[PDB]
Structure formats: structure tokens, C-alpha cells
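**Q** Chains as they are written, first to last, in the working numbering: chain A, 11 to 61; chain B, 535 to 617. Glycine included, C-beta positions come from ideal geometry on N, C-alpha and C.
Shown next, in the form of C-alpha cells:
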């Protein structure tokens with residue numbers, strides 16, 4: 011959930027995630043396709059799962 | 535929930551978000567999606583944001599900001615919202 015390149019952001023997408031814009035999330039094992047498909051403030055990672 | 539500002543409402547409404555109240559994620563979502571689709575990021579410096587001459591500058595009081603300043607971004611946002 012807000013999960014990007016926390017090791018070295020080189021992109022806008024990567025650095026956008028690092029802000030954690032939303033807060034903390036319960037880390038649901040629900041399969042999504044986008045951040046809007048995941049409730050609260052969770053984002054869909056590159057596996058299609060929230061984190 | 536949070537309470538946005540009446541200036542910011544005009545920007546939000548331009549992304550489809552015409553509501554007076556939104557969620558914490560939504561506030562930054564409509565903002566991010568706007569800049570992402572507007573092309574207001576530097577190619578070489580995708581971590582720098584131009585707020586000068588946009589509705590973000592009017593409310594921030596600064597000509598530009600760094601996304602790297604997460605602790606500053608949060609204070610700017612919390613000054614826009616009601617906790």
C-alpha cells in the first residue's frame with residue numbers, strides 16, 4: 011500500500027508511492043487491477059495485490 | 535474524512551471530483567492524476583513539482599516544491615484539511 015522504489019526512487023510513480031498518500035492499510039490479500047479497486051487507501055502493486 | 539479548501543475544490547472539480555468532502559487518499563489521488571495527465575513533471579527531475587501559476591501555488595505560498603520533502607508535503611496538506 012503506497013509501495014514503490016523505497017531504495018532509490020528515479021521516477022514520478024516511484025516517488026509518489028514513497029509519500030504513502032493515504033496512510034496505513036490492513037494489507038489485504040485481495041486481487042485488484044488498480045488502486046481505485048482497493049478500499050481505504052491501498053494501492054495495487056506490480057503483482058496485482060495490495061500492499 | 536477531511537475538509538478541503540474552496541480554491542482546491544475548483545481543481546478537484548476539473549478532475550471530476552466536485553464534492554466538498556473527500557478521503558485522505560482521494561485528495562492526493564485527484565492531485566497526482568491531474569499532474570501525471572497534465573505533464574507538469576520534469577523528465578530529468580520527476581521528483582520536482584511545479585506549483586507556480588497553478589492552484590497549488592496559490593494555496594502553498596511557494597513557487598515550487600520537492601516531493602522528497604514528505605514531512606513538508608504532509609504539513610502543507612494538514613494545513614488544507616481539518617483534523
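Of all Cβ atoms in chain B, is any one closer than 8 Å to the Cβ of residue 19 (chain A)?
**A** So yes, residue 19 (chain A) belongs to the interface.
**Q** Check residue 110 (chain A) in the structure and name its three-state DSSP category.
**A** This structure cannot settle anything about residue 110 (chain A), because the visible part of chain A is limited to 11 through 61.
**Q** Do we get a CB-CB distance below 8 Å when we pair residue 610 (chain B) with the residues of chain A?
**A** With 8 Å as the cut-off, residue 610 (chain B) does not count as an interface residue toward chain A.
**Q** Expressed to the nearest angstrom, what Euclidean distance is found between the alpha-carbon atoms of residue 594 (chain B) and residue 602 (chain B)?
**A** Spanning the two alpha carbons is a distance of roughly 16 Å.
**Q** Can you pull the chain B residues whose beta carbon is under 8 Å from the beta carbon of residue 25 (chain A), in chain order?
**A** Under the 8 Å cutoff, chain B gives 580, 581, 601 and 602.
**Q** If you compare alpha carbons, which of B:586, B:608 and B:581 is closest to residue 18 (chain A)?
**A** Answer by Cα proximity: B:581.
**Q** With a threshold of 7 Å on Cβ separation, who are the neighbours of residue 55 (chain A) within its own chain once the five nearest residues in sequence on each side are excluded?
**A** The residues are 13 and 61.
**Q** Hey, would you say residue 587 (chain B) sits closer than 8 Å to residue 539 (chain B), going by beta carbons?
**A** It is not a contact, given that the beta carbons lie outside the stated cut-off.
**Q** Specify the secondary structure class of residue 561 (chain B) as computed by DSSP and reduced to three states.
**A** Reduced to three states, the DSSP call for residue 561 (chain B) is helix.
**Q** With DSSP collapsed to three states, give me the class of residue 605 (chain B).
**A** Helix.
**Q** Helix, strand or coil, according to DSSP, for residue 46 (chain A) in the structure here?
**A** Three-state result, residue 46 (chain A): helix.
**Q** What does DSSP give as the partner residue(s) for residue 512 (chain B) in the beta ladder?
**A** Residue 512 (chain B) lies beyond the residue range present for chain B, which begins at 535 and ends at 617; the question has no answer from this structure.
**Q** Using beta carbons (cut-off 8 Å, strictly below), is residue 15 (chain A) in contact with chain B?
**A** Chain B, which has no Cβ nearer than 8 Å to the Cβ of residue 15 (chain A), makes this no.
**Q** For the stretch 18-45 of chain A, list the alpha helix (DSSP H) runs that are entirely contained and at least 4 residues long, ordered along the chain.
**A** Complete alpha helix (DSSP H) runs here, min 4: 22-28.
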